[PDB]
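A.B. asks: Structure, please.
(chains A, B, C, D and E)
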Amino acid sequence: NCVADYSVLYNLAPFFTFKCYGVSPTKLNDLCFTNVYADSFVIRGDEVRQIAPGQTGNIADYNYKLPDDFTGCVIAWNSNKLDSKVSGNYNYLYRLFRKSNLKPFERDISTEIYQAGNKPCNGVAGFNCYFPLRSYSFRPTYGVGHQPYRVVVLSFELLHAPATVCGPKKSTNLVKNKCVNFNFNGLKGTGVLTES
Amino acid sequence: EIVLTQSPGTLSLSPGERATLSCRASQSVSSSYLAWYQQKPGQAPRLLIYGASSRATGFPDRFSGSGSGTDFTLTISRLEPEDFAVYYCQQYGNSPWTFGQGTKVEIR
Amino acid sequence: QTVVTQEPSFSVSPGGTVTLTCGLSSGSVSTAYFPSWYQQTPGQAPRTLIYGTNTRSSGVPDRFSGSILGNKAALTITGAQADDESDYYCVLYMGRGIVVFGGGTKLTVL
Amino acid sequence: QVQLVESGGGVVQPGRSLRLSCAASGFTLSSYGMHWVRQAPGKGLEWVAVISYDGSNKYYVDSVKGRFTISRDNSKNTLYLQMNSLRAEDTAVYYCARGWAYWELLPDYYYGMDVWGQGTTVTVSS
Amino acid sequence: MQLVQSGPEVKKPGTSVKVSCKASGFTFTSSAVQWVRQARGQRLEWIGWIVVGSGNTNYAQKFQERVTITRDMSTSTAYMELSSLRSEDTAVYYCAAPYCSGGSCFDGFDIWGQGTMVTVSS
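C.D. replies: Residues are numbered from 1 along each chain as shown, chains lettered A, B, ... in the order given. I have put the structure below:
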């Protein structure tokens, strides 16, 4: 229940890739679509393209999968100075030994070690019973490959019944005492305008 | 950390024996964390029986044994001609994975 | 259940650099274990020193720094001082709230 | 000032109960997690009772499962550690440490024990 | 199924070691590679167990130091380097790699290597 304008969203970090699916990056403000769900996190650079709608990979099936019919898109910028530490900021990490392929948009929270069946490891964390996660490094200096990239994935729904963010923007100036057409708020008409 | 010291050393046997191959264990290591490796001289050892619990995929039949926590024993009965080489007792679960000594069998 | 590997007590002259060690008996140590190093002056309240293996507590000098060494967590002390003689305790994290403490080391300063 | 004061220490006979009180000053309990640490003299500290900021779930150690209960009062920022089935080896110095806040988005296996008070010990002997 | 080492080595005593084990015949995304120590008419010895996924390794008591292993994601291989060993080590290294498919897989190291002939002398 607010208006959203990404015209001011042009001003951001120079590292800015804005590609979207199902809608061109210009016609959203005029549209009157329903609610939108966002979530964001900072990632090693190389796989910012490995995250996309519904393709294979190590990261796609474990923590986040993106539906193919993806109404919405990703916004990525560079936060290396916001993230990297001299000794390395050890704060980010991802699932590494999930015994399944995680589907798009389901809650996947767990902290117990992975177990490959076979023999009952029973929480020893030895062989064939590994603990996933295995955090990143975030070196103070590194190439764009492991550069922490702040990426937000945003998905807005449709079906037009729960009007949530919606449209009407781009107002126009006024005319008076002249035969003109008009659309004041959704109603169309023509004629002359007078002080009433 | 290495106290296996398997009883069989170098003993000669005629075909059709009652051979008992036994490995000890340093600690109360769980089953399936043991391995019996058959090395023919000149080539690498082969994995046949792991933890004295079940056989591997494909190997000679009619020999298998189930062992205790510190006494893994298996029975060899009327062995085929080329099962005559060094046998290795191998341990899993512990860091490091220390290795056994070796067992020799032959014929008079 | 796992036990953290620690040494009972150290004895190092003031002004020197000493290493404190804590490791995982169950396997190699990754930074996901969140090693933490605290000093325990006997009979008093401990003071936060190291959390995250790479961050100090507020106001702590540049002398007590933690790190990772093979399958061991390493805390580096440069310029030992008479107050540094104290009991030290490590914290390792098993998921969703299992904090583990090892043997603890009495770092005495000669 | 941000402080956790433990009150209720003393001599409690074996087999009895006690509700150890923890009063917090300076900060809001509902915004941070707590850690209860048992520290016996001449030995190592040990983790017993921990509660999340929101009280959504309860975590303990194996030795204290179902024999110690920790409860909270967010209306007036107070903590009540209920002691049950006390034994002679429970005699240790207990510290309350403060865990990180949800105001900073931190991952699971929540990190804590950043600041703590003087602590208070218990005595169980007959 | 297939695990390949290097060939025989004639090396000068005391710079480093280069040796490889490249595996195949199974999903190498989550597996184990096992290095041991053997010599002709000699006691068998253990080197280490590593994977490509993430750093999780331990060594024997006398091989804790003067050792490096690179994971080498590509081509399903693993490298051991930087021995700084002694001269009396004309010994076999071997390799081991179990098969895995999907994550739940065998525990033993059945696919063993063939061996390497390392010779340092005058």
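A.B. asks: ok, now how distant is residue B:101 from chain A?
C.D. replies: Distance, residue B:101 to chain A, by C-beta to the nearest C-beta, to the nearest Å: 23 Å. To be clear about C-beta, it is placed using only N, CA and C from the backbone, and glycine gets the same treatment.
A.B. asks: isn't there a strand covering that residue?
C.D. replies: No. Counting by DSSP: H, G, I helix; E, B strand; the rest coil, residue B:101 is not found in a strand; it is coil.
A.B. asks: for it, what are its contacts?
C.D. replies: Residues near residue B:101 by C-beta atoms under 8 Å, 6 or more residues apart in numbering or on different chains: B:4-6, B:89, E:43.
A.B. asks: Now, of these, which are buried?
C.D. replies: Those of these that meet the buried threshold are B:4, B:6, B:89, by 16 or more other C-beta atoms under 10 Å in any protein chain shown.
A.B. asks: Strands - which of those land there?
C.D. replies: Taking DSSP state E, the ones among those that sit in strands are residue B:89.
A.B. asks: Relative to residue A:100, which of the buried ones among the contacts of residue B:101 is nearest.
C.D. replies: Nearest to residue A:100 out of the buried ones among the contacts of residue B:101 is residue B:89 (C-beta to C-beta; 37.2 Å).
A.B. asks: what is the closest one paired to in the beta sheet?
C.D. replies: residue B:36 (DSSP bridges).
A.B. asks: again, but for residue C:108
C.D. replies: Assigned bridge partners for residue C:108, using DSSP bridges, are residue C:11.
A.B. asks: Can you get me a residue count around it?
C.D. replies: 13 (other C-beta atoms under 10 Å in any protein chain shown).
A.B. asks: give the contact list for it.
C.D. replies: Contacts of residue C:108 by C-beta under 8 Å, 6+ apart are C:9-12, C:85.
A.B. asks: measure it to residue E:56 for me?
C.D. replies: From residue C:108 across to residue E:56, the span is 35 Å (C-beta to C-beta, to the nearest Å).
A.B. asks: Check residue C:100 too.
C.D. replies: 18 Å.
A.B. asks: Over to residue D:117?
C.D. replies: 39 Å.
A.B. asks: what does residue A:74 give?
C.D. replies: Taking C-beta to C-beta, one finds residue A:74 at 32 Å from residue E:56.
A.B. asks: What segments of chain D are strands?
C.D. replies: Taking DSSP E to define them, one finds strands in chain D at D:3-7, D:18-25, D:32-39, D:45-51, D:58-60, D:68-73, D:78-83, D:93-101, D:120-121.
A.B. asks: Smallest gap between chain C and chain B, at which residue?
C.D. replies: At 7.2 Å from chain B, residue C:27 is the closest residue in chain C, using C-beta to the nearest C-beta.
A.B. asks: Pull the number of nearby residues for that residue.
C.D. replies: 20.
A.B. asks: From chain D, how far off is it?
C.D. replies: Where chain D is concerned, residue C:27 sits at a distance of 17 Å (C-beta to the nearest C-beta).
A.B. asks: right, and that residue touches residue E:56 too?
C.D. replies: Yes. With contacts counted by C-beta atoms under 8 Å, residue C:27 reaches residue E:56, the gap being 6.0 Å.
A.B. asks: number of nearby residues for whichever residue of chain C sits closest to chain E?
C.D. replies: Closest contact between chain C and chain E, by C-beta to the nearest C-beta, is at residue C:28 (4.4 Å). Using other C-beta under 10 Å, residue C:28 is surrounded by 19 other residues.
A.B. asks: Kindly report the same for residue A:114.
C.D. replies: Residue A:114, neighbours per other C-beta under 10 Å, totals 20.
A.B. asks: Please apply the same query to residue E:115.
C.D. replies: 19.
A.B. asks: and if you look at the one 3 residues further on?
C.D. replies: Residue E:118: 21 surrounding residues under other C-beta under 10 Å.
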